[PDB]
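Colleague: This structure is in structure tokens; I'll ask about it shortly.
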Amino acid sequence: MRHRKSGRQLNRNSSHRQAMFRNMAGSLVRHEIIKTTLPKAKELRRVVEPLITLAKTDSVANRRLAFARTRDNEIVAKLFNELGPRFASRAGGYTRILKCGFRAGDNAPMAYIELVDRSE
Amino acid sequence: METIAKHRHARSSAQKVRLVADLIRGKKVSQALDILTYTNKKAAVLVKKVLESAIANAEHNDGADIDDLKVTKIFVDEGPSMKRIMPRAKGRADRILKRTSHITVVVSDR
Amino acid sequence: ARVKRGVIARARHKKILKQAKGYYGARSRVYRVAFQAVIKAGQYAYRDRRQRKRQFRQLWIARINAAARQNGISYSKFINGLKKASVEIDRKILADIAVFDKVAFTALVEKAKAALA
Amino acid sequence: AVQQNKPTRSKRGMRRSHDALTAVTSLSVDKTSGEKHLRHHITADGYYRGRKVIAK
RNA sequence: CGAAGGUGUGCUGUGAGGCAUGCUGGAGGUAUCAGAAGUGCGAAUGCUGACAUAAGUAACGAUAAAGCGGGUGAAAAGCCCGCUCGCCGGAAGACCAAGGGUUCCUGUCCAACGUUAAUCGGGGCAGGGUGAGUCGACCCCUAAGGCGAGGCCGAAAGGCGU
RNA sequence: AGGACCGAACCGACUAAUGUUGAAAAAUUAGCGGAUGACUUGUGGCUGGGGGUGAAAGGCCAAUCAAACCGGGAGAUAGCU
RNA sequence: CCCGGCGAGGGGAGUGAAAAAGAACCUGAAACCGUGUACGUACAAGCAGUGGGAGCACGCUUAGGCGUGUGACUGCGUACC
RNA sequence: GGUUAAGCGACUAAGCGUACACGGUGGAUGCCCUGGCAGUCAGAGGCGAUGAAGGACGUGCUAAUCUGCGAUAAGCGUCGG
Ligand SMILES: [Mg+2]
């Protein structure tokens with residue numbers, strides 16, 4: 001009954017959870033701005049920030065391991081080149097969450113999530 | 001002087017709208033509008049629209065004093081209902097009820 | 001000729017509801033319960049029209065017994081002395097005197113005591 | 001399981017005492033535009049902590 | 001200058017009731033005396049219509065699965081576009097018969113419907129759309145079978161049958 | 001060659017669970033038997049109620065059957081409620 | 001004319017004897033659902049009434065202990081066909 | 001006047017109950033009928049192969065319906081009011 005346990009269920013099984021985490025993380029790293037629910041972004045952090053930390057070091061093995069996630073060559077290409085130097089001098093906290101109210105369709109807690117600076 | 005505005009045959013249950021009407025009964029309009037616009041209910045949006053219509057009615061048809069304007073009487077009355085048939089198991093039919101509501105807001109400076 | 005009962009029945013229902021205005025919930029709103037409530041209230045009123053005399057007699061006798069007991073005599077001895085003294089004061093006036101006029105009840109009590117001997 | 005007697009309106013309204021909604025009182029006050037917004041939330045135009053957060 | 005009716009008050013009678021009046025109502029009602037009832041409701045698991053109850057509870061209809069950016073739109077988890085993830089793929093694909101009878105396309109809208117949002121739709125309104133010597137139907141013929149002049153039988157109706 | 005075997009389409013429902021105001025006025029899921037024949041299916045026709053049909057349960061005859069449905073006798077009758 | 005979504009709906013002005021006649025349109029009761037006023041209720045048990053009854057608010061009256069509205073408590077009281 | 005101790009103690013209604021006033025769904029009651037029911041006085045007591053009763057389809061400046069009519073198609077010719 002959840003004693004020192006982590007990992008939300010999101011009303012999905014492991015395969016769907018992993019797939020939609022992967023799609024969400026790819027969309028975020030592509031766009032640098034995503035609006036979604038609070039738990040979804042909170043669980044996104046634990047996938048994207050380690051991905052950024054892995055991308056901080058550029059190597060063929062590191063690039064292959066990164067490609068094992070997000071299943072996208074363009075996503076990895078954007079990594080190790082753009083977000084690497086930007087977050088090279090940053091130790092964690094690459095993403096931040098800004099609440100923006102609730103949806104009008106299902107009344108779900110909405111929040112924007114973005115990077116630190118976004119170069120904008 | 002008293003200003004009266006209302007919405008008739010609104011597609012919402014009387015109890016649901018009454019649950020929101022009691023939140024702004026007797027409160028200041030300036031804060032009542034803020035409460036209505038930040039309440040996560042469809043009936044809240046409906047009563048916000050009715051209150052805005054009443055507020056506009058209290059300036060285009062009335063003289064002045066919008067700041068001290070205060071809501072006095074608010075009540076929701078059940079309206080005509082629609083009879084629909086919802087099929088059920090074993091060939092049984094249940095007459096389902098869709099309830100409409102009349103939302104009336106009474107506002108005056110005093 | 002066809003006769004419509006929509007006026008006489010309505011008048012009777014209004015009269016019945018008037019007779020049972022304000023008991024509780026459906027009893028003051030539903031005719032089918034209002035009629036039974038009216039009948040029960042009438043029966044209770046008929047019974048209490050006789051019960052009230054007994055209750056007031058009990059109150060008067062309790063007060064008279066208390067008043068005699070402050071004077072140092074029981075109710076039975078007080079009544080025996082009053083009867084032996086040819087005194088025919090009803091217990092309502094006796095209780096009123098005892099409540100309001102102390103000296104009058106004292107005088108009654110020594111007269112009863114003297115009549116006892 | 002089904003009822004044996006009809007509950008009164010007193011029971012219905014007596015059950016609904018705890019069903020009353022709660023109303024916010026002190027949402028927030030913006031330090032730049034001075035508009036009401038939810039606590040730890042951005043405003044309508046994406047303002048939080050004075051600086052723009054959404055850039056439209 | 002206010003009829004019936006409705007809604008309150010007061011008075012009155014052993015009672016079914018009666019009288020007066022406030023308000024609404026806005027046009028018929030009717031004294032006394034006689035006569036005729038479709039003449040008096042609380043029940044009949046009575047019938048019709050309306051409204052409570054459970055209760056704002058279950059449920060929202062196969063555990064194949066959604067997410068992101070942009071656009072219309074007052075409002076987008078559900079509409080459109082693009083990127084992904086997943087499913088069927090001797091089907092959840094395509095073409096027909098039977099049946100349905102315009103559900104097909106376009107423009108327009110959310111009165112009612114879709115078990116929610118709705119701008120969407122097999123929803124409402126208007127317009128358009130179906131081109132055959134070679135397709136099918138039609139037509140020639142025929143089985144099972146149906147009708148059946150004359151004929152036989154049977155009260156009639158009618159049955160069988162060339 | 002088999003009224004042969006295993007086993008798909010197809011036919012049927014023997015076992016267990018769910019359901020019992022359900023998705024369904026008998027279904028779904030996991031299993032099951034037959035599966036070239038006494039097989040199944042499409043189309044059209046025939047057998048009409050004291051009758052039809054029936055590898056026979058007195059089963060079915062339009063979600064019903066120890067005598068279908070519709071109208072009439074008929075406001076049948078009820079010593080019953 | 002205004003709000004509202006170039007809706008629905010509402011409020012003004014006006015016609016209208018009347019819009020408390022607005023197309024859901026004559027008169028508009030009850031069951032049912034609300035708002036405000038007055039009273040009581042968070043230590044009290046049951047066909048929820050009846051008799052007594054302090055108290056609380058208003059009209060009286062120009063005092064005169066009156067009436068209306070509620071009923072702290074108390075004796076009795078286990079619906080109708 | 002203050003400190004301490006004891007006793008008494010309403011003013012609170014999240015909601016509810018009672019009476020009143022104001023409202024909503026609800027469409028009974030009151031009034032009315034180019035609608036029915038039963039009779040009286042008279043006619044007619046049948047239509048049709050010279051194509052009946054009854055229907056389909058078309059007919060307007062017509063998108064639909066009712067009614068009339070039938071490619072001469074909400075109709076035409078003659079004679080009367
Ligand atoms: Mg009442």
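The numbers here are math on the coordinates, done by the rules we state, and not lab data. Every residue, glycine among them, receives a Cβ derived from its backbone with ideal geometry; neighbour counts consider all protein chains shown.
Colleague: Here is a list: B:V71, B:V76. Which entry is in contact with a helix residue (DSSP H, G or I) (Cβ under 7 Å, 6 or more places away or on another chain), more than 25 Å from A:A104 (Cα to Cα) and surrounded by 14 or more Cβ atoms within 10 Å (Cβ to Cβ)?
Modeller: B:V71
Colleague: Also, I was wondering about something else. For D:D30, only one of the following conditions fails: (1) within 10 Å of another protein chain (Cβ to nearest Cβ); (2) closer than 20 Å to B:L36 by Cα. What is its number?
Modeller: Just one mismatch for D:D30, condition (1).
Colleague: So, one more: Name the residues in the stretch D:1-28 that are exposed (fewer than 10 other Cβ atoms within 10 Å of the Cβ) and either of a type in the set (V, I, T) or more than 11 Å from RNA strand E (Cβ to nearest atom) (or both), would you?
Modeller: Those that are exposed (fewer than 10 other Cβ atoms within 10 Å of the Cβ) and either of a type in the set (V, I, T) or more than 11 Å from RNA strand E (Cβ to nearest atom) (or both): D:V2, D:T22, D:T25, D:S26.
Colleague: Give the residues of the stretch C:66-80 that are buried (at least 18 other Cβ atoms within 10 Å of the Cβ) and over 25 Å from the mean Cα position of the chain (by Cα), sorted by residue number. If you could, list the steps in order and put the result at the bottom.
Modeller: Going residue by residue through the stretch C:66-80, those that are buried (at least 18 other Cβ atoms within 10 Å of the Cβ) are C:67-68, C:73, C:78-79.
Answer for the stretch C:66-80, where residues must be buried (at least 18 other Cβ atoms within 10 Å of the Cβ) and over 25 Å from the mean Cα position of the chain (by Cα): just C:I73.
Colleague: Moving to a separate point now. Pick from B:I103, B:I96, B:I85: which is in contact with a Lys or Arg (Cβ under 8 Å, 6 or more places away or on another chain), part of a strand (DSSP E or B) and loosely packed, with under 10 Cβ neighbours inside 10 Å?
Modeller: Working: B:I103 fails: loosely packed, with under 10 Cβ neighbours inside 10 Å; B:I96 fails: loosely packed, with under 10 Cβ neighbours inside 10 Å.
Within the list B:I103, B:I96, B:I85, the selection yields B:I85.
Colleague: Restricting to the stretch A:75-107, name every residue that is away from chain D (no Cβ under 14 Å) and touching a residue at least 40 places away in the same chain (Cβ under 8 Å).
Modeller: Across the stretch A:75-107, the qualifying residues are A:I75, A:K78, A:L79, A:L83, A:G92, A:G93, A:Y94.
Colleague: Identify, from the list D:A55, D:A1, D:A23, the residue that is part of a loop (DSSP other than H, G, I, E, B) and within 14 Å of chain A (Cβ to nearest Cβ). Let's see the steps before the verdict.
Modeller: Values: D:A1 fails: within 14 Å of chain A (Cβ to nearest Cβ); D:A23 fails: within 14 Å of chain A (Cβ to nearest Cβ).
Exactly one residue qualifies, and that residue is D:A55.
Colleague: Follow-up. How about the stretch B:3-52: which of its residues are more than 12 Å from the chain's Cα centre (by Cα), within 19 Å of B:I66 (Cα to Cα) and more than 9 Å from RNA strand G (Cβ to nearest atom)?
Modeller: B:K27, B:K28, B:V29, B:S30, B:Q31, B:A32, B:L33, B:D34, B:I35, B:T37
Colleague: Given (1) within 12 Å of another protein chain (Cβ to nearest Cβ); (2) assigned to a loop (DSSP other than H, G, I, E, B); (3) in contact (Cβ under 8 Å) with a residue 60 or more places away in the chain, where does B:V17 come up short, assuming only one miss?
Modeller: Of the numbered conditions (1) within 12 Å of another protein chain (Cβ to nearest Cβ); (2) assigned to a loop (DSSP other than H, G, I, E, B); (3) in contact (Cβ under 8 Å) with a residue 60 or more places away in the chain, the odd one out for B:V17 is (2).
Colleague: For the stretch C:1-46, which residues satisfy the criterion of being over 29 Å from D:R12 (Cα atoms), within 12 Å of RNA strand H (Cβ to nearest atom) and charged (D, E, K, R)?
Modeller: Matches in the stretch C:1-46: C:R2, C:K4, C:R5, C:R10.
Colleague: Could you grab me the full set of residues in the stretch B:54-82 that are within 11 Å of RNA strand E (Cβ to nearest atom) and either assigned to a loop (DSSP other than H, G, I, E, B) or of a type in the set (A, V, I, L, M) (or both)?
Modeller: Residue satisfying the conditions is B:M82 alone.
Colleague: For the stretch C:71-117, give me each residue that is basic (K, R) and more than 22 Å from C:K53 (Cβ to Cβ).
Modeller: Pass one, the stretch C:71-117, residues basic (K, R): C:77, C:83-84, C:91-92, C:102, C:111, C:113.
Hits for the stretch C:71-117 are C:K77, C:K84, C:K102, C:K111, C:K113.
Colleague: Among the numbered conditions (1) touching a residue at least 24 places away in the same chain (Cβ under 8 Å); (2) surrounded by fewer than 16 Cβ atoms within 10 Å (Cβ to Cβ), tell me where B:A56 comes up short.
Modeller: Of everything listed in (1) touching a residue at least 24 places away in the same chain (Cβ under 8 Å); (2) surrounded by fewer than 16 Cβ atoms within 10 Å (Cβ to Cβ), B:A56 misses just condition (1).
Colleague: Residues that are away from chain D (no Cβ under 14 Å) and more than 9 Å from RNA strand E (Cβ to nearest atom): find the helices (runs of 4 or more DSSP H) completely inside the stretch C:1-96 holding 3 or more of those. Can you show your working first?
Modeller: Details: elements: C:8-19, C:31-70, C:75-84.
In the stretch C:1-96, C:31-70, C:75-84 are the helices (runs of 4 or more DSSP H) which contain 3 or more residues that are away from chain D (no Cβ under 14 Å) and more than 9 Å from RNA strand E (Cβ to nearest atom).
Colleague: List every residue pair whose Cβ atoms lie under 8 Å apart, where the two residues are 6 or more positions apart in sequence or sit on different chains, the first residue falls within the stretch C:25-45 and is without any contact (Cβ under 8 Å) to a residue 40 or more places away in the chain, and the second residue, located anywhere, is assigned to a helix (DSSP H, G or I) and more than 15 Å from the ligand (Cβ to nearest atom).
Modeller: Within 8 Å, the pairs are C:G25/D:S10.
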